Amino acid sequence: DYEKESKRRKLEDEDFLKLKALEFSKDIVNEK
Amino acid sequence: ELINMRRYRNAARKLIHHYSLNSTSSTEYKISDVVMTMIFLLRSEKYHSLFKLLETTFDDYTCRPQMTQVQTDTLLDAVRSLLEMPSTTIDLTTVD
Amino acid sequence: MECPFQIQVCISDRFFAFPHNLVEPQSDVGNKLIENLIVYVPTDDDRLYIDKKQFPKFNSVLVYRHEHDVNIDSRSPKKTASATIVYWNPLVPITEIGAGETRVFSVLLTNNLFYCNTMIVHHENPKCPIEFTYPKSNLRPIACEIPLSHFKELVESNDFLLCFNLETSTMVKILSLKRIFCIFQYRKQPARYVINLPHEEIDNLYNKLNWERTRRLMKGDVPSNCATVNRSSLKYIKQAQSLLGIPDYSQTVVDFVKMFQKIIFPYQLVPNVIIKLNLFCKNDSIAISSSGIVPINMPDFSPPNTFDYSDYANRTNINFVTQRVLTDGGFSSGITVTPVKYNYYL
Amino acid sequence: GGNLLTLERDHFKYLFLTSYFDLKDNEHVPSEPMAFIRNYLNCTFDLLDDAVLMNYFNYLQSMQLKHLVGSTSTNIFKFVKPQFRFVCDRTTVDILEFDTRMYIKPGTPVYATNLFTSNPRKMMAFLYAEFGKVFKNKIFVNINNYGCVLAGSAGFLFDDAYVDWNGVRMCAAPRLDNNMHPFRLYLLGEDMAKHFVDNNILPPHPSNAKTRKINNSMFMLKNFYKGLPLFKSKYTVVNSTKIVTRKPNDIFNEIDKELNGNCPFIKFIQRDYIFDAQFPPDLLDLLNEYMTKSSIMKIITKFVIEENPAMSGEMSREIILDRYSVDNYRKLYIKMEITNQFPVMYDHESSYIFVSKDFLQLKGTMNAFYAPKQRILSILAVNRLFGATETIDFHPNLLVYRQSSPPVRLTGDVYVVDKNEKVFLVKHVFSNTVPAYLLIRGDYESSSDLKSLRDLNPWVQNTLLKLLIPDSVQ
């Protein structure tokens, strides 16, 4: 029935996930 | 219009600065300048008081005219507005 | 500037990194999915932050440095229906369109894209980065042209020194600044920062940022209370501080403005700090009840003719009062009297 | 059935009072037009003469109601349509605080309807259906729980009944003012206005609501409504008098005479609806018995003097000046009744002070008054000036540098302003306990540590900021 709140909460949580996923760029092994 | 108000304004400014403030400016002044200045004063209703003062002296030139305090205030305002020098002392000696 | 009708633009603060998940193939009238994907970037540096393995859908990926072209007008972009195309933070007029759709994911909204379509991904509760100056800390300088290198430091460290090579053109400087500012606004806590550039260039950059945010707002972006402060206003703030503010607070500007926010309402008048912080464009404020601020104005406008000024505007009254004060004080000059004329309505 | 209810011209003012403002009590008004008014408010038009509607609208246009639009159809009373126009000119230089509502492109037209609800989420579905009927592109689409705006220049949004579009947001410590069902539809963009003009539509009433009554618990209608708070005064008048003038000098002179005579102070009630429209005299006469809780009130007193036989022993009666019109003033006397009502006051009696001919007021401030005789520049602690018939600019000259040998010792708190130039701020209180500070300049020393400038009531600080810092830059 409502709107906004779903979108706003999803956006906020995705922003936190993005700031965490920045740190995902570390690698664990090379191949070359 | 038929009157170069700007040029007559400049001429009146120069002549009044020459006589009243007696500034360092010193150049030859011709009847053209006084005629332009008198026309400029007569044209401006604000300056009708000055115009009347100058006209009065034509017959008798030997006296200070008698006025009122409000007349003196309005005259000072008109002269100050013309000269555009609020920062100066023009109280009574200038007029005399 | 008249944007072609095949362009789709998505704008978001969190596009400083490439959004792999959102890239999808497009279909032309041939109704065949195109798997040869071609990407563009501002400078060769950004090539080092685009994984060739983050696109499982696509068969082949080719990267290029977006170098401006002159032989092709923006009114009629060149069409290469043999490969999908996706731009990233473009800084010059787009000139090449892939088959079907052509998305342009950018964090900057210049004039070249203004008249295109748009899908803004607005943001919630942005943090305001804190600007200060040293005149006691371990300053951590950051390569502005490639902020992606120092993402971990930006997340963790606190002090930061914006640093720009002299090579960078104005546009690339603007883009890097916007990247770093978005990074800050996503940070968990406010971060301190300074710029190692001449003040005039900083003012130019902030004008660019203000107009960019104006365009973003005109396309429906959620307003952000975080914004830059003019240098002249900064000098006024410094003078006020030196007059009474002893220390250097982190958000001293906000401190002043809230310290007067405490009084805006009850006395019903603008604090002069706000006035000096700002021809025309006169500012006001509100309460839930109907009343303005500057004269306690009604919600319409400055009244045209409310009441005469006969007793005041006359030269006689002003002269009398001036003479009275001069005689009482013993002055000869330096005192000016003005009638109370700025009386909209009591 | 029954003959269609009508209304004479002499009751048009009654309808105006009952509708334009928000009034609860109705005992005093006569019953005969009261029945028609009640039916009008419930929007049951079938029992109402249409000619009455047209005549009332023409009469409303006659008084030149500011920011009023309309057509020549009765539909404007029966279907949700624009009635009021505004032009928004927002400038976001505030920076300090946030407009919870959406950003609006300056220069856009604003239309206010008569639709009122309490759960806008319910209205959102139907209104979005209409908006989508108008437009075909789905770019920029901004939606929240209170409205939808496209390109910052079109759509609809919900807000309280009466709001300011000056570009003011909701800053300045938004003090509580109790409200009733406040939410009202506002239309942005000429396109939506025109679309609502030429379809004559209504919201979907609940299916159980077979009643012709359009107003529901979900949402209501109030044609040509403003919602301004209003109530019936209950003063015990003793002696009245009217004054017609515009020059404020006479107003101030009357105030000064009355203050000097007996009473310690008077209430200056300055009404808010005075500038709404060029009202006819009958309407003003009717309103003379009503007050608005949201008007502006000021308390005015003088610098009290000590023991003097010209003292009223008992505080029995107090005076009021109704600004009941643009150029009309109503003077009254009343017995002090606790049950009396007056517009609510923001703070805890920031009472104002009256300025005599002894000393002037500094420009740009409401407190800084300079005394020519003693050459003392003073800043009022909490109270603020009123009645400044003339204004004096500020120069460094006024800070006459007194020359003392040895330096003058001072008692009480002292604050340093310009240690280089020996500008000091000292607490000073008149026997009347009117706190203030004197901005003296000269040779002075305190008997205690000199407290910091940053510990003053921010009012004083703003006054100091406007005073000391040169303003040669603009």
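Calculation rules
- Residues numbered from 1 in each chain as written, not as in the entry; some residues may be left out.
- Chains lettered and ligands numbered in written order.
- Part of a larger assembly, values for the part shown.
- Heavy atoms only, no water.
- Contact = heavy atoms within 4.5 Å.
- Buried area = accessible area lost by both parts, 1.4 Å probe.
- Salt bridge = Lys/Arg side-chain N within 4 Å of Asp/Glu carboxyl O.
- Polar contact = N/O pair within 3.5 Å; in protein donor to acceptor, adjacent residues only side chain to side chain.
- Helix = DSSP H or I, 4+ residues; strand = E, 2+ residues; numbered from the N terminus.
- Core = buried A, V, L, I, M, F, W, Y, C linked by side-chain atoms within 4.5 Å.
- Buried < 20%, exposed > 50% of the residue type's maximum accessible area, 1.4 Å probe, protein only.
- Pairing = 2+ DSSP bridges.
- Axes fitted to C-alpha atoms, helices over the stretch in contact; angles between N-to-C directions.
- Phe/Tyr/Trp six-rings, centres within 6.5 Å; stacked < 30°, edge-to-face > 60°.
- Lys NZ or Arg CZ within 6 Å of the ring centre and 35° of its normal.
- Expected span 1.5 Å × (residues − 1).
- Disulfide = S-S within 2.5 Å.
- Parallel < 35°, antiparallel > 145°, perpendicular 65-115°, else oblique.
- Left-handed = near helix turned anticlockwise from the far one by under 90°.
- Nonpolar A, V, L, I, M, F, W, Y, C, P; charged D, E, K, R; others polar.

What the deposited record gives as its method is cryo-EM, and the resolution it gives is 4.31 Å.

Draft legend 1. A look at the interface of chain D and chain C. If you look at the interface, chain D gives 79 residues, while chain C gives 68 residues. Summed over both sides, the interface between chain D and chain C buries roughly 7,800 Å², with carbon and sulfur atoms accounting for 61% of that surface. Sorting the residues of chain D by area buried against chain C places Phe140, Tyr346 and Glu390 of chain D first, and these three jointly supply 9% of that buried surface. Between the two partners, chain D and chain C, sit two salt bridges. A salt bridge links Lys276 of chain C to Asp471 of chain D; the nearest nitrogen and oxygen atoms lie 2.6 Å apart. Counting across the chain D and chain C interface gives 19 residue pairs in polar contact. Residue assignment for the side of chain D that touches chain C shows that the elements contributing at least two residues are α7 (248–261), β12 (266–270), β14 (296–301), β22 (390–392) and α9 (458–468) of chain D.

Draft legend 2. Region of the structure containing the side chain of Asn144 of chain D. Locating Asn144 of chain D in the fold gives a position in strand β4 (residues 142–144). Among the polar contacts listed, one links the side chain of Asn144 of chain D to the backbone nitrogen of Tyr146 of chain D, at a separation of 2.7 Å. Once you skip the residues sitting within four places of it in the chain, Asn144 of chain D turns out to touch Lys4 of chain A together with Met102 and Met124 of chain D.

Draft legend 3. Quick look at the arrangement of the chains. Ranking the four pairs of chains in contact by contact count places chains C and D at the top. At the C-alpha level, the nearest point of chain A lies 63 Å from chain B, with no contact between them.

Draft legend 4. View of the nonpolar core. Formed by 73 residues in total, the largest nonpolar core has its most connected members in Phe16, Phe21, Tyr56, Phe77 and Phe279 of chain D. Residues in contact with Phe279 of chain D, not counting those within four places in the same chain, are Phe16, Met63, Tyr273, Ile274 and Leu284 of chain D. The next biggest cluster of nonpolar side chains, apart from the first, holds 36 residues, and it includes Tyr236 of chain C together with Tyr415, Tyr437 and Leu465 of chain D.

Draft legend 5. The arrangement of the sheet that holds β12 of chain D in detail. Residue and element names in this part refer to chain D. Taken in spatial order, the seven strands line up as β11-β16-β15-β12-β14-β17-β21 in an open sheet, and their pairing is mixed. Whereas interior strands pair on both sides, the edge strands pair on one side only; in this sheet they are β11 (241–244) and β21 (384–386). Looking at each pair of strands side by side, their axes are set apart by 30° on average, direction ignored. As defined by bridge partners, β12 adjoins β14 across five bridges and the pair is classed as antiparallel. Residue pairing for β14: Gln270 is matched across the bridge by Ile296. With respect to the sheet, α7 is in contact with β11, β12, β14, β15 (317–322), β16 (328–335), β17 (352–354) and β21, its orientation differing from that of β12 by roughly 155°.

Draft legend 6. The arrangement of the packing of aromatic side chains in detail. Tallied over the full model, the rule gives 41 aromatic pairs over all chains. With 6.0 Å between their ring centres and 40° between their planes, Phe160 of chain C and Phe184 of chain C make a pair best called tilted. In this pair, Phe160 of chain C sits in the loop between α1 (151–156) and β11 (161–163) while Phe184 of chain C sits in helix α2 (residues 170–186), placing the two residues 24 residues apart along the sequence. Taking relative accessible area as the criterion, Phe160 of chain C reaches 1% and is therefore assigned buried. Judged by its relative accessible area of 2%, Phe184 of chain C falls in the buried class. Consider the rings of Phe131 of chain D and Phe135 of chain D, whose centres lie 4.9 Å apart with planes at 55°: the pair is tilted. Members of the aromatic cluster, joined through ring pairs, are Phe36, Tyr40, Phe45, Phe57, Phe77, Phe84 and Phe224 of chain D. Residue placement shows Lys222 of chain D over the ring face of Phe116 of chain D; its charged tip is 5.7 Å from the ring centre. Between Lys232 of chain D and the ring centre of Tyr290 of chain D, over which it is positioned, the NZ or CZ distance is 5.5 Å.

Draft legend 7. Structural detail: the side chain of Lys173 of chain C. Residue and element names in this part refer to chain C. Mapped onto the secondary structure, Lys173 falls in helix α2. Judged by its relative accessible area of 11%, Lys173 falls in the buried class. Discounting chain neighbours no more than four positions away, the residues touching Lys173 are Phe164, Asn165, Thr168, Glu201 and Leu205.

Draft legend 8. Structural view of the environment of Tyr206 of chain C. Its place among the elements puts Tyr206 of chain C in helix α3 (residues 199–218). For the pair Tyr206 of chain C and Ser232 of chain C, spaced 26 residues apart in sequence, the C-alpha separation works out to 13 Å.

Draft legend 9. Molecular detail of helix α1 (residues 5–21) of chain B. All names here are of chain B. Its 17 residues give α1 an end-to-end C-alpha distance of 23 Å, which sits within 8% of 24 Å, the value for a rise of 1.5 Å per residue. When we look at burial in α1, the residues that qualify are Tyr8, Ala11, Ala12, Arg13, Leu15, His17 and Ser20. Packed against the buried residues of α1 are α2 (31–43) and α4 (69–83). Positive phi appears at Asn22, one or two residues downstream of α1, with a value of about 55°.

Draft legend 10. Region of interest: the state of the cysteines. What the rule picks out here adds up to two disulfides over all chains. What pairs with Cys3 of chain C in a disulfide is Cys116 of chain C, and their sulfur atoms sit 2.0 Å apart. Between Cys3 of chain C and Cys116 of chain C, the disulfide has an S-S torsion of 95° and is therefore right-handed. Placement of the pair is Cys3 of chain C in the segment before β1 (7–12) and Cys116 of chain C in the loop between β7 (102–106) and β8 (119–121), with a sequence separation of 113 residues. We note that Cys3 of chain C, like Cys116 of chain C, is buried. Between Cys128 of chain C and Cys226 of chain C runs a disulfide, and the two sulfur atoms are separated by 2.0 Å. On the sign convention where negative is left-handed, the bridge of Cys128 of chain C and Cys226 of chain C, at about -75° about the S-S bond, is left-handed. Taking relative accessible area as the criterion, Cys128 of chain C reaches 25% and is therefore assigned partly exposed. By relative accessible area, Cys226 of chain C is classed as buried at 5%. Disulfide connectivity for chain C, with bonded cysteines indexed by sequence position, reads 1-2, 3-4. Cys281 of chain C supplies the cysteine sulfur nearest to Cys88 of chain D, a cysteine that is in no disulfide, at a spacing of 13 Å.

Draft legend 11. The arrangement of the environment of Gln71 of chain B in detail. Residues and elements named next belong to chain B. Within the secondary structure, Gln71 sits in helix α4. Between the alpha carbons of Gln71 and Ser49 there is a distance of 8.1 Å; along the sequence they are 22 residues apart. Here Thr68 takes part through its backbone nitrogen, which lies 2.5 Å from a polar atom of the side chain of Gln71.

Draft legend 12. Region of the structure containing the packing of α2 of chain B against helix α3 (residues 48–56) of chain B. Residue and element names in this part refer to chain B. One can describe the packing of α2 onto α3 by two numbers: an axis separation of 7 Å at closest approach and a directional angle of 130°. Relative to α3, the element α2 is oriented oblique. Where α2 crosses over α3, the two elements pack in a sense that is left-handed. Together, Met38, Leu41, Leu42 and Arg43 of α2 and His48, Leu50, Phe51, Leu54 and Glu55 of α3 make up the contact between the two elements. Broken down by class, the residue content of the contact of α2 with α3 amounts to six nonpolar, one polar and two charged.

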